[PDB]
């Protein structure tokens, strides 16, 4: 058979923090440090299908913070796509797993998930996750 009821999930790991206004965000974050964060993501969740994860893309954003005493806001992130993720609830043989994007993202990235409807500027925890469906009704298998 084929399971045609998997989804692709766009995932993003985020560290938002403030730095002295005289500094730059690329004194604090590197492509390499963010790629190492991607390497810590759990790649064998019960909800994971075949084909693993896309190439990770590090990003570094910087803006002066109007509300801060002379600080800049840094947003250091790494994003990748989980190609094939189960839909619904999944029983692994011993217990149930919720494969909805929120619980799945929190298990795989290990940080609190926020809907894309919530902007970075309105999020006040330092470390957090994004996850949203980028493709539905994909094969669970690599064939």
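Positions refer to the first chain, counted from 1.
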Q | Residue range whose averaged C-alpha B-factor is higher in the record, 10 to 18 or 130 to 138 | A | 130 to 138
Q: Averaging the C-alpha B factors as listed in the entry, name the stretch that ends up higher: 102 to 110 or 49 to 57.
A: 49 to 57
Q) Of the three thirds of its chain by CA temperature factor, lowest, middle or highest, which one includes residue 43? A) highest
Q | Record-listed C-alpha B factor of residue 89: chain third | A | highest
(Q) Among the modelled residues of this chain, does the Cα B factor of residue 36 put it in the lowest, middle or highest third? (A) highest
Q) Can you tell me which third, lowest, middle or highest, the CA B-factor of residue 76 falls into for its chain? A) lowest
Q: Check where residue 28 lands among this chain's C-alpha B-factors and tell me if it's the lowest, middle or highest third.
A: middle
